[PDB]
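# A closer look at the structure
Here's the letter readout for the chains.
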Amino acid sequence: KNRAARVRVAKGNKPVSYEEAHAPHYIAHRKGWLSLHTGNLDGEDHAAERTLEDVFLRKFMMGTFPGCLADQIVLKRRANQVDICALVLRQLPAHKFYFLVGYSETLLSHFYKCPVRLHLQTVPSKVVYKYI
Amino acid sequence: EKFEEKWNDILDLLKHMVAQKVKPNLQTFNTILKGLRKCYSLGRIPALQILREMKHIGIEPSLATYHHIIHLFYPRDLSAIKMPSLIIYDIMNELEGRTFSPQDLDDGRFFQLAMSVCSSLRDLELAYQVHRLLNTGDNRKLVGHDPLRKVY
Amino acid sequence: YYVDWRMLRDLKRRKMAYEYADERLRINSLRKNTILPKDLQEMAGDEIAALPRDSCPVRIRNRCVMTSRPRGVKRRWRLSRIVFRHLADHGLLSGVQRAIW
Amino acid sequence: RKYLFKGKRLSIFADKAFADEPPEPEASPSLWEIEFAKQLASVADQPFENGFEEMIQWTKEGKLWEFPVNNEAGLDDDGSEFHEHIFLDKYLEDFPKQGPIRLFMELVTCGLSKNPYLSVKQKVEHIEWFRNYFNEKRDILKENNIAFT
Amino acid sequence: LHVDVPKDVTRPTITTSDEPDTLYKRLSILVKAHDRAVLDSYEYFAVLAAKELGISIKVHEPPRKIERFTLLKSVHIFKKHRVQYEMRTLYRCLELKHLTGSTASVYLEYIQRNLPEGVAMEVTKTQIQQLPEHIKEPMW
Ligand SMILES: [Mg+2]
């Protein structure tokens, strides 16, 4: 049996999101890609470096917004610009989010030497695709 | 103690600026007008003479230069509201359609002061001219900072 | 901290081969020809041998940057098959999908 | 009545027949002049109004790439020329004009001319290295009937 | 805005030089992406922009490339059981014609700045110029 990225069946009481519900073979069929860069296109270089930056950027955002992320972040690179699109729960006060955006943007712009912007869409609670 | 002496003294500094072949700049005239805002009653004729000399020399009046003439001609604590001055109408006609750039430290102050003068006179046509000036080019950048942006 | 002591030794091998690249290039050129006297070529063969062993670029091994696995690595991403599969199977690699055909 | 530009003026100053006679940078910018300029900028300092104004500011600061894309932006190799990279035999004058050393150095300078990853300064350093190397090996070369410098 | 409208919007300064302009006989723009739909939308945006600036444009779809590789599914042993992965590259070529150098910079800037994420461009300018003055006349 295949155990990869499959949120296994419980007893109908586990709330899975749309992204979690779909197994790897549904990538490019029902669900898209969380990161979009040009480094895996044919005849393009720097796939290794773009992928390493993504791994870090996901661990950074989880720790910087602990318990406030409703779903996985979406990374969008255009030219040298990096854009982080995160669904965040409305737990923290509004002014605290302005602090973490100013901090996380400046810190990651001086670390990777690119303009980095953070885009946050606030949800009242995690969105449940189905109960499995 | 005596304004006449004080005014004649400041002029002496200007006279030594020509003896030493030193030409004045915009800030030089702006400083004199900002000082004149203390003597509202007696600074009106002196203030206009400065603006006429500014053009003859070739220095171009900035938004700050009018901000100081307005303060001197439209006092906020003005008891004599019966017959206000009409200079605000002439100034706006002069500045109609012109675009301005930051050239002094009181440029932002002009717009907030101009709108206030409109409310005192209860002339809404003038308020449209002032706002219309704010929209030409990139004049919007000189509306003011947080304290003066919300007052305007 | 690097993943393990094996990745640390390799990192040093990569920084010492970069330092001695010009030297090992200039000297080794004297040996890879038939135009110079064999006496000089035999002597240049010994100058290259005397350089430190970690300068030799054939002692570099490509290891997974995240797990330090010596074999199973894909050179385009610098990740092992196990680590690459975890990022790919979760939609985290841009454009990588499963191959159905 | 209250004409803004009609009437008597101070007349202390005279019409500027000569204008801006002293240059603006009479001396290197002083702290007083450097700081007053920073304050003039704040006078018109307003926050970004849309994504265009943000990108304009990043471009002025070098943070964002310029368009159309130039893969060699800011990449000048000491302002060299093509002939400098390709014709390198001027640097082989110190070496013997003929013989095995000339035959070897010809191959060295041929490869250096076809090297796009090195600057001219770096290429010269490779040539200089061999000049000093053969000088040190003068005695071994003399035994082989090769005379260097 | 209903009543509040800019009056005389400030426009950038474009100064005509005295240097002659480049003449591009052809200008091939090969965009690449993993997604065909993005290429369709970008093709629509680029073809509309060209037609609005007076540029002559033609579009074709070069054959797609699919790169597949195989990996070991298990972490340990079980050699015969594998997993295969692929990356699909799709192409849309925008062939422009008879462009001056000023028209090719403004157009390329506008369309490169609006290049969606995950899309790579490969511009191939083809300039046409006279013969070198030395070559024009044989000299011994
Ligand atoms: Mg090996």
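Residues numbered from 1 in each chain as written, not as in the entry; some residues may be left out. Chains lettered and ligands numbered in written order. Part of a larger assembly, values for the part shown. Heavy atoms only, no water.

Structure determination for this entry is recorded as cryo-EM, at 3.06 Å resolution.

### Considering the packing of aromatic side chains
Scanning the entire structure with this criterion turns up 26 aromatic pairs over all chains. Pairing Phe130 of chain D with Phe134 of chain D gives two aromatic rings, centres 6.3 Å apart and planes at 25°, and the pair type is stacked. With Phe130 of chain D and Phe134 of chain D both in helix 5 (residues 120-136), this residue pair falls 4 residues apart, about one helical turn. Judged on exposure class, the residue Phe130 of chain D and its partner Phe134 of chain D are both buried. Feature note: the residues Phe95, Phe104, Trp129, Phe130, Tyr133, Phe134 and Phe148 of chain D constitute an aromatic cluster, connected by ring pairs. A cation sits over an aromatic face here: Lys137 of chain D above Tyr133 of chain D, 4.1 Å from the ring centre. The cationic tip of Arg68 of chain E hangs over the ring face of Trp101 of chain C; the distance from NZ or CZ to the ring centre is 4.2 Å. (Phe/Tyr/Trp six-rings, centres within 6.5 Å; stacked < 30°, edge-to-face > 60°. Helix = DSSP H or I, 4+ residues; strand = E, 2+ residues; numbered from the N terminus. Buried < 20%, exposed > 50% of the residue type's maximum accessible area, 1.4 Å probe, protein only. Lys NZ or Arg CZ within 6 Å of the ring centre and 35° of its normal.)

### Quick word on the packing of helix 4 (residues 63-73) of chain B against helix 6 (residues 107-121) of chain B
All names here are of chain B. For the pair helix 4 and helix 6, the least separation of the axes is 8 Å and the interaxial angle reads 40°. Taken together, helix 4 and helix 6 sit at an angle that is classed as oblique. The hand of the helix 4/helix 6 crossing is left-handed. The residues of helix 6 that touch helix 4, namely those facing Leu63, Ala64, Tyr66, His67, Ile70 and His71, are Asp107, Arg109, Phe110, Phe111, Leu113 and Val117. (Axes fitted to C-alpha atoms, helices over the stretch in contact; angles between N-to-C directions. Parallel < 35°, antiparallel > 145°, perpendicular 65-115°, else oblique. Left-handed = near helix turned anticlockwise from the far one by under 90°. Contact = heavy atoms within 4.5 Å.)

### Remarks on the side chain of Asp104 of chain B
Residues and elements named next belong to chain B. Relative to the helices and strands, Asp104 is located in the loop between helix 5 (87-94) and helix 6. This buried residue, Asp104, is left without a salt bridge; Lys34 holds the nearest opposite charge, at 6.7 Å. Reaching out from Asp104, the side chain makes a polar contact with the side chain of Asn30 at a distance of 2.8 Å. (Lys, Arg positive; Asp, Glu negative; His and termini not counted. Salt bridge = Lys/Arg side-chain N within 4 Å of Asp/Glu carboxyl O. Polar contact = N/O pair within 3.5 Å; in protein donor to acceptor, adjacent residues only side chain to side chain.)

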